[PDB]
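**Student:** My questions all concern the structure below.
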Amino acid sequence: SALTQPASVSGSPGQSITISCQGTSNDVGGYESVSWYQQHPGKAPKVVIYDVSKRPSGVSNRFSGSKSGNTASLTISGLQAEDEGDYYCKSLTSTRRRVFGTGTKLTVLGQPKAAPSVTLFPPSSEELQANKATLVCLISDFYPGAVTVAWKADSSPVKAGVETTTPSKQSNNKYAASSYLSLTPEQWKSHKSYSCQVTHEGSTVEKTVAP
Amino acid sequence: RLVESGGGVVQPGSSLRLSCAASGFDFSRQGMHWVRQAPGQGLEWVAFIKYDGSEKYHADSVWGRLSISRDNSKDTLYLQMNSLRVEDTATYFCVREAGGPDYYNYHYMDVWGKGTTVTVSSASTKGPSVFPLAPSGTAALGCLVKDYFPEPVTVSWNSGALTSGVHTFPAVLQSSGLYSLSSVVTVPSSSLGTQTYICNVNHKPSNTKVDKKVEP
């Protein structure tokens, strides 16, 4: 069972930020072995913190670590562009296994924050005759890219048959992502309407389509 | 330095054996790990083996299919993967446990291999099924590319004629094992019914070329 981290943080250059890793008393609250890892795209992780307070030779003094109870925190002072990356905490557990955080995507901020443009496409008629149905929720022009996508048939949450991409970069310095909803033609026609709710930076935008 | 290998694209249920060759340090005196990372996901611990191989720990998700083990005379770490599952798809890293006197594990991972990929997939090389996504003073339309394997496929519009406003999104990998993606172009509402809009989908691995007309 993973140690819980916040999906994403963000900060302006020079800003100090904090990432939390919350375990149980059998891993994070039971030992001093909490360590922290930084990861860049296409590269292998590098340890920025160990034994919860300690920096490995070569690491900036801008990185500190701490533990209170079952929650250990990594703190980065004076964010510089090169700190942007994903951050994972690792802990040792009572059975002497290892466990990783769920990860945190940290964004040192290039430009001002931007909200998503959301387009929703009803299932094409070519596909309906194919005895299939799919809803396409297209997201664009947001930043930093991190998005919760949520589908609702009518007002009811739908967790069945949904695949969502990892936000990818565009040419325009903003992100983009998609979410596809698989349904049977009967499902599509049976229900009143279907909704796509994108949660970005605590704010939800929503679009809707109906037969 | 560490180097992974043995990886590849296999079918669910098949078996595969990964090997990480080590150098530049004394191998028999240090513990080792295997860590995997799904594409676009976070890190997950797989297994750990003590320096002398007298003890080994495995993760609950990979128990009891994936077995760690080592040969100290060959300076090699192994991973034997059996009963493979679609959820086993990931990049497997050979990782070293930091150690020394007063070895004794220091409980942090100081050295990583570039990683070896493993893809467990039911799908076979297959052609894409292309369906139009129709527009309801700016209109948004596009093509839906569904059920093709493997990556990639390239999509143009009007045969590269229209490059303005085109967005081809990343493809999603469905539970079935087949890829699907969308491409949208933003056009003036007025040009609709006037200008013809066509998307060109090209799948190289299967040698499938398809052109779909997109209309109201």
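Ordering of the structure tokens sets the chain letters (A, B, ...); residue numbers start at 1 within each chain; ligands are numbered from 1 in the order shown.
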Write out as a PyMOL selection string all residues of stretch 2-205 of chain A that backbone DSSP assigns to strand (DSSP E or B).

**Tutor:** chain A and resi 3-4+8-11+17-22+35-39+46-50+54+63-68+71-76+85-92+98-101+104-108+114+117-121+133-143+148-153+156-157+162-164+168-169+175-183+194-200+203-205

**Student:** How close does each residue of chain B get to chain A, giving the shortest atom pair and distance in Å to one decimal for every residue with an atom at most 10 Å away, counting only C-alpha atoms, sorted by chain and residue number, as CSV?

**Tutor:**
```
residue,atom,partner,partner_atom,distance
B:33,CA,A:98,CA,9.6
B:35,CA,A:100,CA,10.0
B:39,CA,A:166,CA,9.3
B:40,CA,A:166,CA,6.1
B:41,CA,A:166,CA,8.6
B:42,CA,A:103,CA,5.9
B:43,CA,A:100,CA,6.5
B:44,CA,A:100,CA,6.1
B:45,CA,A:99,CA,6.1
B:46,CA,A:98,CA,8.6
B:47,CA,A:97,CA,8.1
B:48,CA,A:97,CA,7.7
B:56,CA,A:97,CA,9.4
B:57,CA,A:97,CA,6.2
B:58,CA,A:97,CA,7.4
B:59,CA,A:97,CA,7.4
B:60,CA,A:1,CA,8.7
B:61,CA,A:1,CA,9.4
B:93,CA,A:44,CA,8.3
B:95,CA,A:44,CA,9.9
B:106,CA,A:33,CA,8.1
B:107,CA,A:33,CA,5.9
B:108,CA,A:35,CA,6.2
B:109,CA,A:47,CA,6.9
B:110,CA,A:47,CA,6.7
B:111,CA,A:46,CA,8.1
B:112,CA,A:44,CA,6.3
B:113,CA,A:44,CA,7.4
B:114,CA,A:44,CA,6.5
B:115,CA,A:44,CA,8.0
B:129,CA,A:127,CA,9.3
B:130,CA,A:127,CA,8.9
B:131,CA,A:126,CA,6.1
B:132,CA,A:124,CA,6.2
B:133,CA,A:124,CA,5.8
B:134,CA,A:124,CA,7.3
B:135,CA,A:121,CA,8.5
B:136,CA,A:121,CA,8.9
B:140,CA,A:119,CA,8.2
B:141,CA,A:121,CA,8.7
B:142,CA,A:121,CA,9.3
B:143,CA,A:124,CA,9.5
B:144,CA,A:136,CA,8.6
B:146,CA,A:134,CA,9.9
B:167,CA,A:170,CA,8.8
B:168,CA,A:170,CA,9.9
B:169,CA,A:177,CA,7.0
B:170,CA,A:165,CA,6.9
B:171,CA,A:165,CA,7.1
B:172,CA,A:165,CA,5.7
B:173,CA,A:163,CA,7.4
B:174,CA,A:163,CA,6.4
B:175,CA,A:163,CA,8.3
B:180,CA,A:180,CA,8.9
B:181,CA,A:178,CA,8.6
B:182,CA,A:136,CA,8.0
B:183,CA,A:138,CA,9.6
B:184,CA,A:138,CA,9.1
```

**Student:** Residues within 10 Å of residue B:94, please, as a ChimeraX atom specification. Count only C-alpha atoms; anything in the same chain fewer than 4 positions from it doesn't count.

**Tutor:** /B:1-5,18-22,32-36,77-79,111-116

**Student:** Need to verify the contact set: stretch 6-14 of chain B, 8 Å, only C-alpha atoms, exclusion of same-chain residues closer than 2 positions in sequence. Can you return it as a PyMOL selection string?

**Tutor:** chain B and resi 4+16-19+82-86+116-122

**Student:** Go ahead and compute the interatomic distance for atom CA of residue A:183 and atom CA of residue B:176, in Å to one decimal.

**Tutor:**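 Separation of atom CA of residue A:183 and atom CA of residue B:176: 13.9 Å.
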
**Student:** Contacts of residue A:174 at 10 Å or less, counting only C-alpha atoms, minus same-chain residues fewer than 5 places along, as a ChimeraX atom specification?

**Tutor:** /A:111,113-116,140-145,167-169

**Student:** Do you know which residues are at most 6 Å from residue A:196 counting only C-alpha atoms, after dropping those on the same chain fewer than 6 positions away, and could you put them as number ranges by chain?

**Tutor:** A: 150-151, 206-207
